[PDB]
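The structure under discussion appears below in the form of structure tokens.
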Amino acid sequence: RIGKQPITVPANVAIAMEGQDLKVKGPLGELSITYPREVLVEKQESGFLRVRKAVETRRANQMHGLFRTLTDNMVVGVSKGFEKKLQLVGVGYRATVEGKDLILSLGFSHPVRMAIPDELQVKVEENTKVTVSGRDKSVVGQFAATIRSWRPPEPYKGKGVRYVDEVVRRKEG
RNA sequence: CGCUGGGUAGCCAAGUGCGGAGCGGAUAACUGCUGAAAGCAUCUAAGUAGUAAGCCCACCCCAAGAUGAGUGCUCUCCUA
């Protein structure tokens with residue numbers, strides 16, 4: 001059910017457990033998440049945390065799986081790191097990086113200057129397709145969604161900022 | 001004021017001057033991000049992003065009778 005999970009913590013990954021808190025100090029960043037109430041973890045004498053619902057209800061059962069896989073996103077975050085991929089399909093459409101900014105050429109009257117934050121290391125290895133990388137999967141999310149949310153792909157066109165390997169309905173007219 | 005022409009100030013306009021803003025914060029519909037309940041999924045249950053002439057502040061004018069009667073820098077006299 002995912003309620004029961006084994007926390008795979010590889011080497012290099014400090015699991016700083018504190019009273020309703022986890023500070024992971026991993027080789028790529030020190031990510032920090034607080035526990036909810038019913039969800040109680042203990043390190044299980046190996047590099048494997050176990051969140052264990054303390055009080056019996058359904059809301060506990062809810063956040064058991066929830067927070068279990070939150071921590072999993074933390075660990076895999078700092079160690080393996082998250083990627084993300086986009087593809088500015090079409091005429092004209094092309095992006096380029098200005099170190100701290102990501103400027104987009106999307107057929108608008110004006111190029112769209114998406115100033116990125118620091119937590120996110122983006123790049124354009126091929127003039128069309130974009131690449132985002134980051135430590136925390138949520139932030140990577142809001143960012144890639146944001147980039148998509150300027151020219152989400154059109155059906156007929158078939159051809160906008162469709163992040164990689166995402167299915168795109170198409171039509172005749 | 002007989003009827004007419006012309007007219008300063010005033011008041012007027014069909015004249016002139018300016019004005020509806022970087023606004024910023026929450027939102028509704030909606031699109032989302034991470035994600036289990038439900039060993040897939042789902043915008044949601046935890047938490048977060050965007051976003052409307054709509055809401056609030058901003059703008060402009062009153063306003064401490066706001067009896068909850070505010071604030072302070074000056075005054076005014078202690079001789080019966």
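Numbering starts fresh at 1 for the residues of each chain in the structure tokens, the chains themselves are lettered A, B, ... in the order given, and ligands are numbered from 1 as they appear.
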Task: Interface residues on chain A facing chain B, 12 Å, only C-alpha atoms (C1' of nucleotides), written as number ranges by chain - done: A: 1-5, 33-39, 57-74, 136-150, 152
Open item on the list: List the spatial neighbours of residue 101 in chain A as a ChimeraX atom specification - criterion: any atom at most 12 Å away, only C-alpha atoms (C1' of nucleotides), same-chain residues fewer than 5 positions off excluded.
Closed with: /A:95-96,112-118,120-123
Same residues, C-alpha atoms, output as a PDB file, in the first residue's frame:
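This went into result.pdb:
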ATOM      1  CA  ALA A  95      15.316  29.636 -26.173  1.00  0.00           C
ATOM      2  CA  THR A  96      18.658  30.697 -24.844  1.00  0.00           C
ATOM      3  CA  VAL A 112       9.511  36.223 -22.875  1.00  0.00           C
ATOM      4  CA  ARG A 113      12.244  36.744 -20.294  1.00  0.00           C
ATOM      5  CA  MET A 114      11.886  33.992 -17.689  1.00  0.00           C
ATOM      6  CA  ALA A 115      14.276  34.889 -14.896  1.00  0.00           C
ATOM      7  CA  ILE A 116      15.057  31.567 -13.200  1.00  0.00           C
ATOM      8  CA  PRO A 117      15.804  31.263  -9.479  1.00  0.00           C
ATOM      9  CA  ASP A 118      19.094  29.892  -8.203  1.00  0.00           C
ATOM     10  CA  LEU A 120      17.375  25.464 -10.713  1.00  0.00           C
ATOM     11  CA  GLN A 121      20.144  24.789 -13.209  1.00  0.00           C
ATOM     12  CA  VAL A 122      18.663  25.009 -16.676  1.00  0.00           C
ATOM     13  CA  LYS A 123      20.320  24.787 -20.077  1.00  0.00           C
TER      14      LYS A 123
END
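Separating CA of residue 155 in chain A from CA of residue 93 in chain A is a distance of 16.7 Å.
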